[PDB]
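Just so you know, these numbers use all the heavy atoms, side chains as well, and skip hydrogens, waters and symmetry mates. Residue numbers start from 1 in every chain, and the chains themselves are labelled A, B, ... in the order their sequence lines are given, proteins ahead of strands.
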Amino acid sequence: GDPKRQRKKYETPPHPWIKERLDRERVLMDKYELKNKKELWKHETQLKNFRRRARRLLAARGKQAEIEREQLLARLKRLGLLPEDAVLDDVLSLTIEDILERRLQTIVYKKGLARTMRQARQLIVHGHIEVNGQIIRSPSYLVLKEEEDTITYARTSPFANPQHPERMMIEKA
Amino acid sequence: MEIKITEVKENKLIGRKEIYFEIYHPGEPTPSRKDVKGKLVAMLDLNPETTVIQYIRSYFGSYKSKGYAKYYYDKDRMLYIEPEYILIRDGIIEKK
Amino acid sequence: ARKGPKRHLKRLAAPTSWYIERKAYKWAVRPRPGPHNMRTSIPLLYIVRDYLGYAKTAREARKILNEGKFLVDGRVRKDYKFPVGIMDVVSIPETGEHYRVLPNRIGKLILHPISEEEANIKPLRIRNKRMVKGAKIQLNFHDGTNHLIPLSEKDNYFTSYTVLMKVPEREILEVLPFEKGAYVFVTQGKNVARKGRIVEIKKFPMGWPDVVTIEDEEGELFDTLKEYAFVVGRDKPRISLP
RNA sequence: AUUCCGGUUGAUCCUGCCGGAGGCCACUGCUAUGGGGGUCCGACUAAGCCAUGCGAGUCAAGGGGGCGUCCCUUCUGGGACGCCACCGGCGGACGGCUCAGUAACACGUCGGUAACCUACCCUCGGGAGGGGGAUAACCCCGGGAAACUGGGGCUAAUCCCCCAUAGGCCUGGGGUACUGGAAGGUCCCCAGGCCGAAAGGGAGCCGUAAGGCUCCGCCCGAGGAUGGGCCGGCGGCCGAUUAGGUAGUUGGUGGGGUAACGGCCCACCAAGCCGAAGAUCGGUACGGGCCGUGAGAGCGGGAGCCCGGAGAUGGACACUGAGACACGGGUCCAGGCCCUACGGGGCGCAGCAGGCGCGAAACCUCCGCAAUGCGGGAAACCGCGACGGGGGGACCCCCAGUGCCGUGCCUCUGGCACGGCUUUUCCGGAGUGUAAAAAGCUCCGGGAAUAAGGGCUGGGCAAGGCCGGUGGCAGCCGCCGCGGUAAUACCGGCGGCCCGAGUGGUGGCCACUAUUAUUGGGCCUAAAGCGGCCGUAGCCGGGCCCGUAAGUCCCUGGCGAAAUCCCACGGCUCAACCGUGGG
Ligand SMILES: [Mg+2]
Ligand SMILES: [Mg+2]
Ligand SMILES: [Mg+2]
Ligand SMILES: [Mg+2]
Ligand SMILES: [Mg+2]
Ligand SMILES: [Mg+2]
Ligand SMILES: [Mg+2]
Ligand SMILES: [Mg+2]
Ligand SMILES: [Mg+2]
Ligand SMILES: [Mg+2]
Ligand SMILES: [Mg+2]
Ligand SMILES: [Mg+2]
Ligand SMILES: [Mg+2]
Ligand SMILES: [Mg+2]
Ligand SMILES: [Mg+2]
Ligand SMILES: [Mg+2]
Ligand SMILES: [Mg+2]
Ligand SMILES: [Mg+2]
Ligand SMILES: [Mg+2]
Ligand SMILES: [Mg+2]
Ligand SMILES: [Mg+2]
Ligand SMILES: [Mg+2]
């Protein structure tokens with residue numbers, strides 16, 4: 001036979017030039033300030049996988065099925081994508097925008113640490129943001145609900161000083 | 001820097017004690033072996049001649065480092081058990 | 001093995017009952033021939049180094065063993081390839097600790113702490129029984145050891161019985177028969193590590209193995225092979241079990 | 001995403017094939033800042049040929065010697081210490097490499113051996129009595145161009161050989177103690193034979209000595225373990241423009257040989273054995289776990305990691321050993337090549353690097369035994385191109401960069417002008433890291449500074465009806481089709497679109513395809529019902545009652561290695577990757 005070969009984690013469109021899909025994806029890319037299409041596609045694949053797990057477990061029965069069902073629900077609401085009282089059916093109503101709201105770049109922007117999405121990306125990449133006492137430099141990292149409030153400037157960063165000229169401009173917004 | 005002892009374990013079969021510790025040091029470089037050894041022998045009343053520092057490791061975006069060291073009750077036992085290279089690296093003996 | 005016996009063992013092909021990391025390195029210790037078989041034993045080096053953690057590297061593990069710090073069934077073992085198996089007793093007198101080797105609920109070997117007094121006895125399952133020159137009876141136990149008895153007591157011992165032996169003197173002190181109501185502990189198969197009492201025995205023609213039915217504490221009945229049932233007492237266990 | 005779009009006509013509806021649009025693999029054009037992880041890199045043609053270095057040793061606690069330094073006395077010596085080769089023991093049958101052969105009990109799976117071998121290891125029961133001998137090392141003399149090799153002298157052993165006892169094997173006659181489902185098996189007693197053990201050796205203390213007390217050892221028997229041998233049932237390619245095949249062939253009886261059963265091989269007696277449910281022969285291939293693709297049913301492949309098989313230039317054959325008809329051991333034939341003083345003597349990298357050749361097609365003549373293991377040793381230890389660490393490479397996967405903010409102007413997407421900010425990346429240092437280094441990680445100084453390309457632009461199919469050349473010429477074109485002096489289609493400029501450290505070309509497999517149809521296609525006129533009928537095997541077969549339990553359904557024991565796949569939790573910054581559990 002053949003040994004294992006590592007495979008891509010995302011899927012490409014079936015047809016590269018469809019006008020409606022191009023327009024929709026362009027709107028998303030502009031709004032969330034992503035670097036290239038593949039990054040976007042990555043998140044899409046994640047969404048699809050969740051749905052494909054929900055569809056398979058609805059039509060199943062037995063002992064392992066219940067365990068996997070509760071594990072899926074717990075994982076989904078640990079990420080902050082579902083409320084605490086959601087049921088399995090609610091999985092089938094998630095959208096691509098729901099996942100994009102959990103990116104570290106977006107959350108840094110929404111919390112008011114930056115004036116713009118691009119500034120948030122630069123702040124993350126250069127190492128000015130700490131999450132739960134740890135510095136992370138990946139703008140696409142998905143933030144868990146339990147750690148969302150412990151996101152601040154790094155304690156060694158120049159921005160961790162309210163008199164810094166650039167921070168005062170950020171606070172002005 | 002602040003040194004915090006995580007665990008101390010006794011090994012009667014070898015004749016040594018094994019020490020795990022953390023060093024907290026925001027805005028500072030990774031501590032040197034000499035400083036850590038001095039701090040440890042001050043903190044636990046150890047003979048510096050029979051104390052070896054196995055390693056000091058830093059991490060990606062952390063303000064702290066993790067260290068592992070060993071302390072022997074007899075110098076001859078330490079010479080008989082430990083590899084030669086680790087003794088040279090810690091300055092206990094002299095390379096030829 | 002084109003021309004002769006094998007001397008090596010890859011990590012990926014190691015027995016499935018060990019607690020070992022299969023991708024950390026390339027090679028594993030090939031066990032020496034000895035008391036138990038491959039499926040129910042582990043080399044002593046892994047007990048010294050990986051299980052108890054008294055050594056970090058193999059070189060300093062061998063230095064500990066050569067000083068005679070480890071006892072298996074009350075005898076000093078220096079070979080790092082020595083196999084240690086089911087129902088054995090591992091004693092460290094310098095630290096004064098004792099363990100018994102037992103299978104897990106999923107079939108892996110673990111060390112169960114025991115008292116010092118219990119460390120002097122070992123149960124042995126009578127695996128076979130034969131006549132030997134001078135008209136004596138030889139008993140062959142499950143771990144490969146042997147014992148001799150006179151022709152007078154030939155009716156006090158049969159296969160599948162359990163003998164409680166005092167180690168290292170190897171002196172018999174108790175015989176536990178295999179019958180309805182005996183207390184058993186399962187060593188292999190799907191129902192490994194479950195314990196209970198014997199209810200029924202069944203037999204089949206043409207050399208197929210025979211099956212026994214066991215009732216546990218909660219009152220459930222389950223079947224297993226007769227040779228996988230290890231007698232440990234009359235109506236209560238005579239040794240500590242997890 | 002369980003999908004369609006272009007092409008037959010002046011126009012229409014069909015059948016049917018070709019092309020587009022997706023994934024993966026091999027070669028290749030142009031172009032490239034960084035890090036991490038992994039089972040990637042002379043497999044396809046040549047299992048073709050190979051210069052040089054390395055890839056298997058270890059034991060001084062088995063034994064006599066040589067040399068050196070010291071202490072006691074020393075004429076002489078005796079000690080202790082350290083190196084060296086030799087005799088002797090164990091290992092060199094594993095590990096590493098490649099896929100030529102093989103359609104077969106080779107491989108997968110369930111069983112069997114009551115028909116067999118096993119050095120090293122574990123438990124129990126016993127034994128170690130008496131003799132003998134040579135030789136290496138060392139000294140004298142050598143021969144030969146070398147590869148090699150002769151004579152004489154002297155010596156030891158855990159070296160070799162005898163005698164005894166124990167023990168082993170064969171056959172005949174009794175007794176019934178054991179295991180087992182079942183005794184040509186095990187145990188006991190007589191009888192005739194044949195074969196036939198051992199090293200109380202070594203080391204250290206207490207011993208004045210006597211002798212103990214530990215450590216490592218030698219031989220026999222019973223059983224286990226480890227590694228194998230042999231056998232059976234079932235399962236997995238293509239061809240009828242291959243139809244009959246086999247004569248030690250199939251079976252029986254009596255033997256031989258083997259570790260062991262067997263036409264495995266003989267002597268004699270019979271005519272059997274296989275085959276249209278495909279024998280025989282030919283073709284192509286190492287088998288599997290797995291891998292690619294697809295909604296699934298399926299279709300295609302099986303180099304790299306694990307398990308099994310086979311081979312060492314081609315074809316034959318032996319010695320030693322527990323194990324070989326032995327890759328770095330031996331002999332012959334065939335065919336190449338090398339050194340000779342010409343009489344002779346050597347060598348096959350399908351081990352790691354490296355070279356030539358063949359091609360479209362593939363890297364350094366590097367560092368280390370620190371980790372994981374193996375062999376040797378009582379042990380400390382020694383060796384290992386296995387394994388570990390780096391070097392070269394658009395091998396696969398994961399995470400980033402080529403700036404950000406404020407105010408003005410513009411054609412307001414984007415660019416420009418002012419003012420400010422940061423340092424992932426870049427340059428120079430300290431620590432940590434590592435067998436030693438290098439990467440990586442934490443700090444310090446400088447500075448927007450050091451960093452964007454490839455294809456396309458008539459329709460399918462996102463994007464120009466603009467400018468300049470050429471003029472059925474040059475050229476484009478997967479398909480349909482453009483170009484004949486007013487070209488949105490060729491060449492170039494300026495614009496624009498898609499993806500982006502990548503993007504295009506060529507070949508192969510799956511999908512597209514219900515163009516292989518079990519699910520699920522067709523045959524009046526489009527490809528396709530034998531000119532007609534009778535009938536053998538096969539397949540499909542009316543209603544009720546009783547029985548059985550092979551198919552079929554449900555429950556439960558023993559199995560189908562690990563790696564690979566899915567899920568949750570945990571460790572490397574998250575991830576790729578790795579660990580613990582459930583499937
Ligand atoms: Mg293969
Ligand atoms: Mg027509
Ligand atoms: Mg070749
Ligand atoms: Mg070999
Ligand atoms: Mg072939
Ligand atoms: Mg004799
Ligand atoms: Mg094949
Ligand atoms: Mg290969
Ligand atoms: Mg090379
Ligand atoms: Mg290549
Ligand atoms: Mg143009
Ligand atoms: Mg268009
Ligand atoms: Mg087609
Ligand atoms: Mg059709
Ligand atoms: Mg007709
Ligand atoms: Mg007709
Ligand atoms: Mg009927
Ligand atoms: Mg049935
Ligand atoms: Mg498995
Ligand atoms: Mg972490
Ligand atoms: Mg995680
Ligand atoms: Mg894993």
Exercise for the section: Give C/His147 one of three labels, base, sugar-phosphate or nothing, depending on what nucleic acid heavy atoms sit under 4.0 Å from its own. Expected result: nothing

Exercise for the section: May I ask whether D/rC124 and D/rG221 qualify as a Watson-Crick or G-U wobble pair, both distances being under 3.5 Å? Expected result: yes

Exercise for the section: Would you indicate what B/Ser65 reaches in the nucleic acid, counting non-hydrogen atoms under 4.0 angstrom: base, sugar-phosphate, or nothing? Expected result: nothing

Practice task
Would you classify C/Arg2 as touching base, sugar-phosphate or nothing, given that sugar-phosphate means primed atoms plus P, OP1 and OP2, and contacts are heavy atoms under 4.0 Å?
Solution key: base

Practice task
Determine: side-chain N/O of C/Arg7 to OP1/OP2 of D/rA119, distance under 4.0 Å, yes or no.
Solution key: no

Practice task
With both distances required to be under 3.5 Å, indicate if D/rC418 and D/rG292 make a Watson-Crick or G-U pair.
Solution key: no

Completion exercise
With syn meaning chi within 90° of zero and anything else anti, the base of D/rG492 is anti

Exercise for the section: Could you tell me whether C/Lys63 and C/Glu67 have a side-chain N and a carboxylate O separated by less than 4.0 Å? Expected result: no

Handout entry: Residues C/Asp143, C/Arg127: salt bridge by 4.0 Å N-O rule
Key = no

Problem - Pair flag D/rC482 x D/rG475, Watson-Crick or wobble criteria, under 3.5 Å - result: yes

Exercise for the section: Please state whether the base of D/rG500 and the side chain of A/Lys35 form at least one donor-acceptor pair under 3.5 Å? Expected result: no

Handout entry: NZ or CZ of B/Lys66 within 45° of B/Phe21 ring axis and under 6.0 Å
Key = no

Completion exercise
In short, salt bridge (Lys or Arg N to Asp or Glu O under 4.0 Å) pairs touching residues 23-32 of chain C with sequence neighbours left out are C/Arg32-C/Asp79

Practice task
Evaluate whether the aromatic ring of B/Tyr85 and the six-membered ring of the D/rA435 base sit under 5.5 Å apart, centre to centre, with an inclination under 30°.
Solution key: no

Pairs: protein N or O with nucleotides 302-306 of chain D N or O, under 3.5 Å:
{"residue": "D/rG302", "atom": "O2'", "partner": "A/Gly1", "partner atom": "N", "Å": "3.0"}
{"residue": "D/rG302", "atom": "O2'", "partner": "A/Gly1", "partner atom": "O", "Å": "3.0"}
{"residue": "D/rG302", "atom": "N3", "partner": "A/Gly1", "partner atom": "N", "Å": "3.4"}
{"residue": "D/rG304", "atom": "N1", "partner": "A/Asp2", "partner atom": "OD1", "Å": "3.2"}
{"residue": "D/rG304", "atom": "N2", "partner": "A/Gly1", "partner atom": "O", "Å": "3.2"}
{"residue": "D/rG304", "atom": "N2", "partner": "A/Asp2", "partner atom": "OD1", "Å": "3.0"}
{"residue": "D/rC306", "atom": "OP1", "partner": "C/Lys26", "partner atom": "NZ", "Å": "3.0"}

Handout entry: Donor-acceptor pair between A/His43 and A/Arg103 side chains, under 3.5 angstrom
Key = yes

Fill in the blank from the handout: Separation of D/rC374 atom P from C/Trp27 atom CH2, nearest Å, is 10 Å

Set out, line by line, the N/O atom pairs under 3.5 Å between protein and nucleotides 438-442 of chain D.
{"residue": "D/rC441", "atom": "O3'", "partner": "B/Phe60", "partner atom": "O", "Å": "2.8"}
{"residue": "D/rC441", "atom": "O2'", "partner": "B/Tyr59", "partner atom": "O", "Å": "2.6"}
{"residue": "D/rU442", "atom": "OP1", "partner": "B/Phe60", "partner atom": "O", "Å": "2.6"}
{"residue": "D/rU442", "atom": "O2'", "partner": "B/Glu28", "partner atom": "O", "Å": "2.8"}
{"residue": "D/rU442", "atom": "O2", "partner": "B/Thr30", "partner atom": "N", "Å": "3.4"}

Problem - Charged tip of B/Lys95 within 45° of B/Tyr85 ring normal and under 6.0 Å - result: no

Handout entry: Short side-chain N/O contact from C/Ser17 to OP1 or OP2 of D/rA561, under 4.0 Å
Key = no

Exercise for the section: Give a yes/no on whether any side-chain N or O of A/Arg75 is located under 4.0 angstrom from OP1 or OP2 of D/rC569. Expected result: yes

Practice task
Check whether any side-chain nitrogen or oxygen of A/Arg7 sits under 4.0 Å from OP1 or OP2 of D/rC24, and answer yes or no.
Solution key: no

Completion exercise
In whole angstroms, the gap separating P of D/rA370 from OH of C/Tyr25 amounts to 15 Å

Exercise for the section: Check whether any side-chain nitrogen or oxygen of C/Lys81 sits under 4.0 Å from OP1 or OP2 of D/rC374, and answer yes or no. Expected result: yes

Practice task
Determine the Euclidean distance between corresponding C1' atoms of D/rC266 and D/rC286; express it in Å to zero decimal places.
Solution key: 38 Å

Problem - Base-pairing result for D/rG239 and D/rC281, Watson-Crick or G-U at under 3.5 Å - result: yes

Problem - Under-4.0 Å side-chain N/O to phosphate OP1/OP2 contact, C/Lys154 with D/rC178 - result: yes

Practice task
Please state whether the phosphate of D/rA379, meaning OP1 or OP2, lies under 4.0 angstrom from any side-chain nitrogen or oxygen of C/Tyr80.
Solution key: no

Handout entry: Salt-bridge present (A/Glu33, A/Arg121; N to O < 4.0 Å)
Key = no

Handout entry: Among D/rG420, D/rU123, D/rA462, the one nearest A/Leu22 by side-chain distance
Key = D/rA462

Practice task
Would you kindly give the NE2-to-P distance between A/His164 and D/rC404, to the nearest whole Å?
Solution key: 18 Å

Handout entry: Polar side chain donor-acceptor pair, C/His36 to C/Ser41, under 3.5 angstrom
Key = no

Problem - Phosphate contact (D/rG406 OP1 or OP2) by A/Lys172 side-chain N/O below 4.0 Å - result: no

Practice task
Respond yes when some side-chain nitrogen or oxygen of C/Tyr228 is under 4.0 Å from OP1 or OP2 of D/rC559, and no when none is.
Solution key: yes

Practice task
Would you please confirm or rule out a distance under 4.0 Å between OP1 or OP2 of D/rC397 and any side-chain N or O of A/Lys8?
Solution key: yes

Problem - Sugar of D/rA487, sorted north or south by the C1'-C2'-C3'-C4' dihedral sign - result: south

Handout entry: N/O (side chain, C/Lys6) to phosphate O (OP1/OP2, D/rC94) under 4.0 Å
Key = no

Handout entry: WC/wobble flag for D/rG256 and D/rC264, Watson-Crick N1-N3 plus second contact under 3.5 Å
Key = yes

Exercise for the section: Take atom CZ of B/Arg89 and atom P of D/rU434, then tell me their distance rounded to the nearest Å. Expected result: 5 Å

Completion exercise
Assert: residue with more 5' nearest nucleotide on RNA chain D, out of C/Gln188 and C/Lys129, is C/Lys129

Practice task
Give the rounded distance in Å between these two atoms: CG of A/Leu104 and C1' of D/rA400.
Solution key: 14 Å

Exercise for the section: State the sugar conformation of D/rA115 as north or south, using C1'-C2'-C3'-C4' as the deciding torsion. Expected result: south

Exercise for the section: Take the protein atom CD of B/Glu82 and the nucleotide atom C1' of D/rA370, then report the distance between them rounded to whole Å. Expected result: 13 Å

Exercise for the section: Taking only heavy atoms on the protein side, list every residue of residues 114-131 of chain A lying under 4.0 Å from any atom of RNA chain D, sorted numerically. Expected result: A/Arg115, A/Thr116, A/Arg118, A/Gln119, A/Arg121, A/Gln122, A/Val125, A/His126, A/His128

Completion exercise
Expected label for D/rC363, using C1'-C2'-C3'-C4' where a positive value gives north and a negative one south, is south

Practice task
Establish, with yes or no, whether the OP1 or OP2 oxygen of D/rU226 is under 4.0 angstrom from a side-chain nitrogen or oxygen of C/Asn37.
Solution key: no

Practice task
Inspect the contact between A/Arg102 and A/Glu148 and indicate whether a charged nitrogen and a carboxylate oxygen are less than 4.0 angstrom apart.
Solution key: yes

Practice task
Sugar-phosphate atoms are those with a prime plus P, OP1 and OP2; base atoms are the rest. Using that split, label each nucleotide of nucleotides 574-583 of chain D B, S or - for protein heavy atoms under 4.0 Å, 5' to 3'.
Solution key: B-SSS--SBS

Exercise for the section: Evaluate D/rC4 against D/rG20 for Watson-Crick or G-U wobble pairing; both distances have to be shorter than 3.5 Å. Expected result: yes

Practice task
Look at C/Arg30 and D/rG227 and indicate whether a side-chain polar atom (N or O) is within less than 4.0 Å of OP1 or OP2.
Solution key: yes

Problem - N or O in side chain of B/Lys95 less than 4.0 angstrom from D/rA436 OP1/OP2 - result: no

Practice task
Assess the side chains of C/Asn140 and C/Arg130: does a donor N or O sit below 3.5 Å from an acceptor N or O?
Solution key: yes

Practice task
Evaluate D/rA400 against D/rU33 for Watson-Crick or G-U wobble pairing; both distances have to be shorter than 3.5 Å.
Solution key: yes

Handout entry: Between D/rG92 (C1') and C/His8 (NE2): distance, integer Å
Key = 13 Å

Problem - RNA chain D contacts made by residues 48-60 of chain A, counting heavy atoms under 4.0 Å - result: A/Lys48, A/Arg52, A/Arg53

Completion exercise
From CG of C/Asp155 across to P of D/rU179 the rounded distance in Å is 9 Å

